[PDB]
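In this analysis, Cβ positions are derived from the backbone assuming ideal geometry, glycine residues included, and neighbour counts consider all displayed protein chains. Any read-out appearing in this document is the output of simple, stated calculations on the displayed coordinates, not a laboratory observation.
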Ligand SMILES: Cc1cc2nc3c(=O)[nH]c(=O)nc-3n(C[C@H](O)[C@H](O)[C@H](O)COP(=O)(O)OP(=O)(O)OC[C@H]3O[C@@H](n4cnc5c(N)ncnc54)[C@H](O)[C@@H]3O)c2cc1C
Ligand code: SF4
Ligand code: SF4
Ligand code: SF4
Ligand code: SF4
Ligand code: SF4
Ligand code: FES
């Protein structure tokens, strides 16, 4: 009756390329994550993550370039600081902060993208349904 | 001149009467600030109070009198417009007596303007055709609660419900309308007080409640009759109270004993009915918050459980307009002079005559708003409308327009060019709450001060000034009142209660509650202290049968 | 006299020195600045009514500051946001403003976000041990003290007790006892730790004044060159008397400040664990925030909320007409403010629905602080998201010892 709802927000220049490379190489993984594709992860506002979690994302993933490998010289440092602060907010509002993570996937790491997909799915399955969906009523 | 000056005032948007600071810079109201000193709201305001300052300096505000001269309104001088009004009112009087005229004010207006308006309507041409919004507004509940208790006002205050165990909201959207009355419900549930909501729909004030009860709309009589049936059946009524201060119990007995199983009418299962009935009857101090037969059933419940004359208890029907209570108090009804002194009794009729230096007061029951509008051509012709927009407010707006165009010499006083203005023959510009200097009266009977922040936009004047100038034009003695304080003092001389409510006492942030008969009395925050206000001093509880529509 | 000096100061004018809560040095300095034309106006607090009513006032006539003299402990208001809204952010006119610790922190937050001109504003800071809501003070005096509140002449929090002076005598009750019974200082004042505003230009208080001047001298700490100039000018023109402070006074001032820090820590603890942990904290937060009627008083009163249009007003975040509003309303404030919340309490105390906005926000702020090391309201340090740094970002990723942002971040 329950299937995890995981949302990914992946940059165009390394994480979308890595997911595309995994697909091209035919690396299988479970069909639980759906992606959004912004240009950089610097674009990811905090309110995007919080909006996802309040609509009912059982998990949220944000994937971007490695440090020093952003297409736009430093846009993922901003995203990293923002996601550290988001981890702190979710812990202090009492939602489980491991529902959220930020992975750094390069353009050539299709295998690592597959492993990230598998691990995110496993972690959210262990965690269970998000509590917001029943706390709203 | 002045930079960021704070002026304390009452919010004009509903009957809670919250206090707020208007910020006035160079004679312009530039914002609203909290007033943390106020007992009613401790600096807290709803969206309406937060943005009450926006409409003050709009360009659309009427600035100078207008006269309909064979078409579109042209700009007139105060002397010209007032001489025209005096002439036309004089001729309509001299042709058709006091029945020919018709007055109605709004509940938006300050007490001093309501009092001087009804004084103008009665001291001159003796007509009781004076009225206000409260008729067409939601509640004629004042008459029902008056029949039950003696005073149609709310028995207790707002802070008072913090002392109950069983706040019982009934059919009220107390957080949508009167949000800072619903703040008391929020504080009570934080204190851990049983709260039962009974509205037909799951409202945001029904969220706060421990128990929520659906019922089919238009079944309050049936549901309350069932609750009183179970209270009687298990004998949780208050014997000392009923035997000492209440009358009519046998009539209630017959009337309710036919409501054992009323699930057909109201949707509430018998289990839930018994639950709420026994929680209410067992609570030692339980307060009902309500929002004619419908309010007398509430009076029946409170009297049956002996929940009236004490702290932490009572019935609090929420009003909805900022000064509806004040207008009714000042005597803008057909049948009451002021302080609910009936005109049917020659005693205070003669007292009015002696005090006002006028003779032969009407004594007949006047015409309410809808009465006037329906007979607006048959015998009424000539109408002063102090702040109403009937064409937009009454149902059957096209019928309202037809009746108003059937009318000779409508006069309209407003701050804005409304839709009713096109049908006027004279339009006298007015002042809003930021230019007046009067008092409001909350729904909890508290008189609050309104303070002057700015000046009226152009040549506009405030209503005491307009009515005094018109009465001086028409040759009426008794309108020599240059300030709201003088109007208030005349009213106080007239009325037995409110005699203690001097402005030196209203300058306190606490205000004064209405039954204040002497100058050392602190006020009466809780009514019916140990005796009621009816003929035997005893509340009467009635037996209402439910009428299916 | 020079940026660090600790002094005793009292007014030369005997009437100013009587009406001052201590020696009248804040009212002598403000009067001098106004009448020698350092500043074009003065924003101070005066009583509008009974001493429970504190009304902010812009004063240009030097003759009206004797009315501002005295400290109102029921003045729970915040000044800097009024200067931005109705004095054009002090962008053209110099002002001299008397401010508490929260009012100094708010000045610095708004100056970080470019909403006021601290080059124009002079901040005379006062020590603050806490403020009481006026109506709560009234109920306190009616019930616990057994006095009619209209009888009180003056009332102060001195030595951790609530002294009131009425007709008949004076009384005193420990503020800790009152705070247990459900009264006392505001919640955020109990949690506050900004006791001596060393970020202001002058810090005035009654702590550290000992001996023959225990009630007729103000302890002044000169915290900047601008304050040193104001003080030296006032002393030379002879509006203010200056004597070097007593070393024993300095020591016990430090001890009282430290004890107030410890008490603030204790209240921070008991409050933040009172909110709960895990899904219980989410049900507390969500059930409380379901009461919000969207009055926006918290947004309009917050010093950190400077946005022309709040994102809480944008239809793609919050549905315009749905009144049982989403938790997104308060998530958008936790995200935008919690990194720099000065714990002023305005959001909590102006809420018609009595939602613990300040408690929630400060509970998040304290550990955003121990995470990033950013203390709000102390100086011109840019907000954490307005200044991201390459080396620091590397540092926090390496400290997690991990290839992502997933775990090993908290203890
Ligand atoms: C709420 C409050 C709590 C305080 N608690 C302490 C304490 O625990 N320990 C301590 O040593 N000192 C405390 N102080 C400061 C104490 O009053 C100083 O000793 C005093 O300000 C010294 O100034 P003065 O007497 O020389 O000048 P004053 O003539 O007293 O000048 C006082 C100045 O403060 C302004 N003011 C008054 N009320 C407020 C207010 N609510 N907010 C902002 N400004 C205001 C007045 O307008 C005036 O300009 C507190 C002050 C306040 C307002
Ligand atoms: S609760 Fe009523 S009186 Fe108070 S601010 Fe809101 S609308 Fe005005
Ligand atoms: S928040 Fe701190 S500085 Fe501000 S009034 Fe309260 S105790 Fe004083
Ligand atoms: S002040 Fe309170 S009620 Fe108003 S918007 Fe903020 S949280 Fe909601
Ligand atoms: S969120 Fe509340 S407590 Fe925090 S700074 Fe803003 S107003 Fe002050
Ligand atoms: S909550 Fe955020 S968007 Fe809204 S006013 Fe505050 S800082 Fe601006
Ligand atoms: S381009 Fe991918 S994180 Fe910036």
What is the Cα radius of gyration of the protein assembly as shown over 2.2 N^0.38 Å, N being its residue count? 1.06
So if I average 1/r over every pair of distinct C-alpha atoms in region C:80-120 and take the inverse, what Kirkwood radius in Å does that give? 10.0 Å
So if we plug the beta-carbon distance of residue B:94 and residue B:397 into 1/(1 + (r/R0)^6) with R0 = 41 Å, what FRET efficiency do we get, rounded to 0.05? 0.80
Using a 10 Å cut-off on Cβ to Cβ distances, tally the other chain neighbours for every residue of B:30-43 and report the average as a whole number. 6
Given the C-alpha centroids of region C:311-349 and region B:25-54, what is the distance between them in whole angstrom? 21 Å
With the Cα gyration tensor of region C:174-229 giving a ≥ b ≥ c as the square roots of its eigenvalues, does the rule (a/c under 1.5 for rounded; else a/b larger than b/c for prolate; else oblate) give rounded, prolate or oblate? oblate
So for the pair residue C:254, residue B:342, with labels modelled 7 Å out along Cα→Cβ, what separation do we get in nm? 8.2 nm
Which percent of Cα pairs goes in each bin when the distances of region B:376-462 are cut into 10 angstrom slices starting at zero? 16, 37, 28, 18, 0
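Need one value for B:487-499: mean number of C-beta atoms belonging to other chains within 10 Å of its residues' C-beta atoms. If you can, show how the numbers build up before the last one.
Values: counts 0, 0, 0, 0, 0, 0, 0, 0, 0, 0, 0, 0, 0.
Across the residues of B:487-499, the mean count of other-chain Cβ atoms within 10 Å is 0.
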In percent, what relative contact order does chain C have, based on Cα pairs under 8 Å that are 6 or more apart in sequence? 18 percent
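By counting other Cβ atoms within 10 Å of each Cβ, how are B:369, C:240 ranked from fewest to most? Don't skip to the answer; put the middle values down first.
Values: B:369 20, C:240 28.
Lowest count first: B:369, C:240.
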With label points built 7 Å along Cα→Cβ from the Cα atoms of residue C:214 and residue B:493, find their separation and express it in nm. 5.9 nm
Using the C-alpha atoms of chain C, what convex hull volume per residue, in cubic angstrom, is computed? 168 Å³
In whole angstrom, the spacing between the Cα centers of region B:293-342 and region C:149-223 equals 46 Å
Ordered by fewest other Cβ atoms within 10 Å, a rough proxy for footprinting exposure, A:113, B:230, B:364 read B:364, B:230, A:113
Could you list the residues of region C:112-147 with an amide nitrogen less than 20 Å from a label point located 7 Å from the Cα of residue C:379 in the Cα-to-C-beta direction? C:112-125
Which of rounded, prolate or oblate describes chain A when judged by the alpha-carbon gyration tensor and an a/c cut-off of 1.5? oblate
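If r is the Cβ-Cβ distance from residue B:210 to residue B:285 and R0 is 22 Å, what FRET efficiency results, to the nearest 0.05? List each step's numbers first, then the result.
Working: r = 16 Å, r/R0 = 0.75.
FRET efficiency, residue B:210 to residue B:285: 0.85.
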1/(1 + (r/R0)^6) with r = Cβ-Cβ of residue C:176 and residue C:307, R0 = 30 Å, i.e. FRET efficiency to nearest 0.05, evaluates to 0.15
In whole Å, how far is the Cα centre of region C:68-119 from that of region C:263-290? 30 Å
Region B:1-86 - percent relative contact order, Cα under 8 Å, separation 6 or more: 19 percent
Which value at 222 nm does the protein assembly as shown reach when only helices count, each DSSP H run of 4 or more adding -39,500 (n - 2.57), with the total divided by all residues and rounded to the nearest 500 deg cm²/dmol? -10500 deg cm²/dmol
Starting from the Cα of residue C:47, step 7 Å along the direction of its Cβ; do the same at residue B:48; then give the gap between the two resulting points in nm. 3.5 nm
Kirkwood Rh over alpha-carbon pairs of chain B, then Stokes-Einstein at 4 °C and 1.567 mPa s: what D in µm² s⁻¹, rounded to an integer? 53 µm²/s
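Extension gain residue C:18-residue C:273, at 0.36 nm per residue separation less the Cα-Cα distance, in nm?
Details: separation 255, 0.36 × 255 = 91.80 nm, distance 4.51 nm.
Result for the pair: 87.3 nm of gain on full extension.
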